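Per-entry structural report
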Amino acid sequence: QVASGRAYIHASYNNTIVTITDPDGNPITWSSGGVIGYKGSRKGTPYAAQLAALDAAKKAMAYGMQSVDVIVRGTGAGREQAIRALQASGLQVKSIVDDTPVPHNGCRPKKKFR
Amino acid sequence: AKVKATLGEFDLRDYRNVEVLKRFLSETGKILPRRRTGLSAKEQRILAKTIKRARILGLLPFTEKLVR
Amino acid sequence: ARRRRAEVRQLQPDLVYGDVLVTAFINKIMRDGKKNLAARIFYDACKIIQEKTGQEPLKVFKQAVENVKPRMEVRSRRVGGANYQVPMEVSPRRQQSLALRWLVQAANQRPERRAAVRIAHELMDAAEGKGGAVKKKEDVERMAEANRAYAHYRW
RNA sequence: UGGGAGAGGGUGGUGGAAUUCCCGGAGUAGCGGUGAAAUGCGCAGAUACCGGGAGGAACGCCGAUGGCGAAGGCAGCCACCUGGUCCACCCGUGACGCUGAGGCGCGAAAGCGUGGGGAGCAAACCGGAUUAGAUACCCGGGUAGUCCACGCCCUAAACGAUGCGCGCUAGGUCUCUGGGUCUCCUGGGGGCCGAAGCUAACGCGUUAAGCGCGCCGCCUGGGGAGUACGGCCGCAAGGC
Ligand SMILES: [Mg+2]
Ligand SMILES: [Mg+2]
Ligand SMILES: [Mg+2]
Ligand SMILES: [Mg+2]
Ligand SMILES: [Mg+2]
Ligand SMILES: [Mg+2]
Ligand SMILES: [Mg+2]
Ligand SMILES: [Mg+2]
Ligand SMILES: [Mg+2]
Ligand SMILES: [Mg+2]
Ligand SMILES: [Mg+2]
Ligand SMILES: [Mg+2]
Ligand SMILES: [Mg+2]
Ligand SMILES: [Mg+2]
Ligand SMILES: [Mg+2]
Ligand SMILES: [Mg+2]
Ligand SMILES: [Mg+2]
Ligand SMILES: [Mg+2]
Ligand SMILES: [Mg+2]
Ligand SMILES: [Mg+2]
Ligand SMILES: [Mg+2]
Ligand SMILES: [Mg+2]
Ligand SMILES: [Mg+2]
Ligand SMILES: [Mg+2]
Ligand SMILES: [Mg+2]
Ligand SMILES: [Mg+2]
Ligand SMILES: [Mg+2]
Ligand SMILES: [Mg+2]
Ligand SMILES: [Mg+2]
Ligand SMILES: [Mg+2]
Ligand SMILES: [Mg+2]
Ligand SMILES: [Mg+2]
Ligand SMILES: [Mg+2]
Ligand SMILES: [Mg+2]
Ligand SMILES: [Mg+2]
Ligand SMILES: [Mg+2]
Ligand SMILES: [Mg+2]
Ligand SMILES: [Mg+2]
Ligand SMILES: [Mg+2]
Ligand SMILES: [Mg+2]
Ligand SMILES: [Mg+2]
Ligand SMILES: [Mg+2]
Ligand SMILES: [Mg+2]
Ligand SMILES: [Mg+2]
Ligand SMILES: [Mg+2]
Ligand SMILES: [Mg+2]
Ligand SMILES: [Mg+2]
C-alpha cells in the first residue's frame, strides 16, 4: 500500500485511459472508457473520461492511495475533465504536469497526419 | 518584459555563460522568440546558435516538462 | 419562429378553483372545442378523488402534476452521420406542458369506461407515484441520464 | 588592400526529442480505429506505466512576409576542405567588354544497375467498411521504394508560366545585410503601394510588362500529336 503516488492520463481523440502508479512508477490500478462500460466513439467523450479517472481513483484509494501527482499525455477532448475528476475524487493532487511526447521532426507520420 | 533589457553588457557568443542564457529559455525549455527576447535580427542567430551548443554541453535543456 | 420569442398565453382562471394550472388541464381534455364537456369530466374527477380518498382535489391534482414533471429530456440532433439523443434540461413551461399532456394521455389508456373516472384514477395514482404518466416521465428521465455523455452537445 | 552576412557546396564526426522492436518490473479487461463501425490486436496477459537495450530516419523551439545559390535546390550541432557575393579604401591593369548557333557541365521527384541499410512511412498487393458496384475516397495490414556508396536516367505547373547585359524615366512604406557623422545619409539584396508611361484587360511600374541599344532562344488557328517515319542518346523505362 502506498500513500503518495502518480496519476497518468493517456487521453487521445478516441479514448482516455487513466493509470495510478506508485512513486517508483509501478502501476497499482488503471481504468478507461471501456472499463466504465462504454464502447465505440462514446469512449472519447469528456463524460467517459470523468468516469475513468474516478474508477482509477476509487480503486486507488482502496489500496491506500492518498496523495497523487498528475502526469498528462495526449491532447484529447476528454483531457481536462479527467483532471477535474481526480481533484474532486478525494485525492490530493500535489502537482499536475503535461508531458505529451512531441518529436523534434523524428519519424514521418501517417498520411492523415500531414 | 523583454529579457535583453533586464541584463547588462553580455556576450551572445559565450556558450558557457549558463546563468545569462537560462533566462532566454521558456519555462518549457523552448528558445524564446524575438518578440520576447528583444534581440535584433542579427543578434538572434548568434544567440540561437550558442544556446544549442550549450545544450550539447549539458548546461542547457533540450526540453522541460510543463508544470501547473 | 424566426423573428422573436412568442408570448405565453395566460389562461382565464377556472371558476371552481380560481387556478390557472387547472384551466390548462381542462383544455387538454377538450376535444372538438367542446370545453363545457371537458369541464364536467375534470370537476367530476374532483368529485371522485374526494370520495375514494377524503382530501382536497386541488391538492391531489397539483401534487400529481409535480410527480409527472420531467427534469431532463433527450432532444435529437444528428451531429456528423449519426442521430445523437442529446440530454437537455426542461424549462418549467415545457415541464408543465409535458406533464399535463402525458397525464391526460395516460388517463385515456386506462380500462375504466367513463372519462370522469379515468381522469380521477390517474390523478389518484399520480400523486401516489404510480400511473402511466409517471411511467413515461421516469422513462424520459433515464434516457437523458443514459446519454449523459452528450452533455457537451447542448444548446 | 581591409572587412562582413548567409539552411551555398563537399568529407568526417557528433547531440537530444520521438516512433518501432526486444529484455525486466508492475498491472488487468480491453485496446485500437471511425461519420458511425468492422477488420485487427488482447487472459498464450494486450493497452496504459516505470527501467534497460537495439536500429533507422528526420532535425522541434530559434524560424521570419527571413537568408543563400545560375537553376534544380539547401535547415540540430562541431571541425576541415571549398564556391559565389556585398561593403569600405579609391591603390593597381588600360576596353582586357556584352551576348552566345554547336559543344561541355549541372539538373527536384519517380525510375534503372551493383552492393549495403531498413525504425517510421508507403505504389503494387490483402483484408474491413461505405456503395447499386467501389479494381477508390476512410480503416487494419503491407512489398518495392523512401536512406548510404558508386554508376545510369535528364523529365516537370524545372514558374516570376516574365532570356541575359546595359543606360535613362516621381516617390511613400515594411525588411535583411554592409559603410558613414548613425538625427539620418549612402551602397547591395527581399516584399508592399504607387509618378510618368505601358497593356486587350487583368495588372506591370528603378526587382518594368516604362523608354531605348545589343545578342541568343521561341511563336504563326484547333485537333491529329509531342503521335509517325528517320536519326542520335539510354541497361530498360524512355528522352531529344
Ligand atoms: Mg474509441
Ligand atoms: Mg566566447
Ligand atoms: Mg405518454
Ligand atoms: Mg578578401
Ligand atoms: Mg512486458
Ligand atoms: Mg519505456
Ligand atoms: Mg517554422
Ligand atoms: Mg586609381
Ligand atoms: Mg596608365
Ligand atoms: Mg556568357
Ligand atoms: Mg549551348
Ligand atoms: Mg535527376
Ligand atoms: Mg531520387
Ligand atoms: Mg531499381
Ligand atoms: Mg536502387
Ligand atoms: Mg534485377
Ligand atoms: Mg536493394
Ligand atoms: Mg521494413
Ligand atoms: Mg479493399
Ligand atoms: Mg464489399
Ligand atoms: Mg461486380
Ligand atoms: Mg492505408
Ligand atoms: Mg501502417
Ligand atoms: Mg517490385
Ligand atoms: Mg527491385
Ligand atoms: Mg520495377
Ligand atoms: Mg521547382
Ligand atoms: Mg513558386
Ligand atoms: Mg528569380
Ligand atoms: Mg516552358
Ligand atoms: Mg500558354
Ligand atoms: Mg538566353
Ligand atoms: Mg551601420
Ligand atoms: Mg531595395
Ligand atoms: Mg504594384
Ligand atoms: Mg496613370
Ligand atoms: Mg510596347
Ligand atoms: Mg476594366
Ligand atoms: Mg521604390
Ligand atoms: Mg534584383
Ligand atoms: Mg505585353
Ligand atoms: Mg490544320
Ligand atoms: Mg494544327
Ligand atoms: Mg517521342
Ligand atoms: Mg515526353
Ligand atoms: Mg523512331
Ligand atoms: Mg523540351
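Residues numbered from 1 in each chain as written, not as in the entry; some residues may be left out. Chains lettered and ligands numbered in written order. Part of a larger assembly, values for the part shown. Heavy atoms only, no water. Residues with missing side-chain atoms left out of burial classes, pairs and counts.

Inclusion rule: UniProt positions are given in the numbering used here, feature names are shortened, and annotations may be inferred rather than shown by experiment.
Looking at the PDB entry, one finds chain B named 30S ribosomal protein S18, with Thermus thermophilus HB8 as its source organism. According to the UniProt record, the Subunit comment for chain B reads "Part of the 30S ribosomal subunit. Forms a tight heterodimer with protein bS6." UniProt, in its Sequence similarities section for chain B, records the words "Belongs to the bacterial ribosomal protein bS18 family."

The name the PDB entry assigns to chain A is 30S ribosomal protein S11, from the organism Thermus thermophilus HB8. UniProt, in its Function section for chain A, records the words "Located on the upper part of the platform of the 30S subunit, where it bridges several disparate RNA helices of the 16S rRNA. Forms part of the Shine-Dalgarno cleft in the 70S ribosome (By similarity)." Among the UniProt annotations of chain A, the heading Sequence similarities holds the following wording: "Belongs to the universal ribosomal protein uS11 family."

1. Side note on helix α4 (residues 92-107) of chain C
Residues and elements named next belong to chain C. Spelled out, the test is: Labels follow the DSSP assignment, with helices taken as runs of H or I lasting at least four residues and strands as runs of E lasting at least two, numbered in each case from the N terminus. Every helix has an expected span of 1.5 Å times one less than the residues it contains. Each residue is assigned to one of three classes by its accessible area relative to the maximum for its type, calculated with a 1.4 Å probe on protein chains only: buried under 20%, partly exposed between the two thresholds, exposed over 50%. Note on contacts: a residue pair qualifies if any of its non-hydrogen atoms lie within 4.5 Å across the two residues.
A rise of 1.5 Å per residue sets the reference length of α4, with its 16 residues, at 22 Å; its end C-alpha atoms lie 22 Å apart and thus fit the reference within 8%. Residues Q95, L98, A99, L100, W102, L103, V104, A106 and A107 constitute the buried set of α4. Where α4 is buried, its residues meet α1 (20-29), α3 (57-66), β1 (72-77), α5 (115-127) and α6 (132-146).

2. Focus: the interface of chain A and chain C
Note on interface size: it is often stated as the accessible area lost on association of the parts. Under the convention used in this document: Any residue that is not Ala, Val, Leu, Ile, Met, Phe, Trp, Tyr, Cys, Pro, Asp, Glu, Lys or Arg is counted as polar, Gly included; the first ten are nonpolar and the last four charged.
Of the residues lining the interface, six residues belong to chain A; the matching set on chain C comes to seven residues. Residues of the side of chain A that touches chain C, tallied by class, amount to three nonpolar, two polar and one charged.

3. Focus: the packing of aromatic side chains
Put simply, the test is: We call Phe, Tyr and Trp rings a pair once their centres come within 6.5 Å, taking the six-membered ring for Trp, and we label the pair stacked below 30 degrees between planes, edge-to-face above 60, and tilted otherwise. Our definition puts a charge over a ring when NZ of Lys or CZ of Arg is within 6 Å of the ring centre and also within 35 degrees of the ring normal.
Applying the stated criterion across every chain yields a total of nine aromatic pairs over all chains. Between A:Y38 and A:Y47 the ring centres are 6.2 Å apart and the planes differ by 50°, which places this aromatic pair in the tilted class. A centroid spacing of 5.6 Å and a plane angle of 75° characterise the contact between C:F42 and C:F61, whose relative ring orientation is edge-to-face. With C:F42 in helix α2 (residues 35-51) and C:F61 in helix α3, this residue pair connects regions lying 19 residues apart in the sequence. Each of the two residues, C:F42 as well as C:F61, counts as buried. Three or more aromatic residues joined by ring pairs form one cluster here, namely C:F25, C:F42, C:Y43 and C:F61. The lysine or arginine in question, A:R42, covers the ring of A:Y38, its NZ or CZ lying 4.9 Å from the ring centre.

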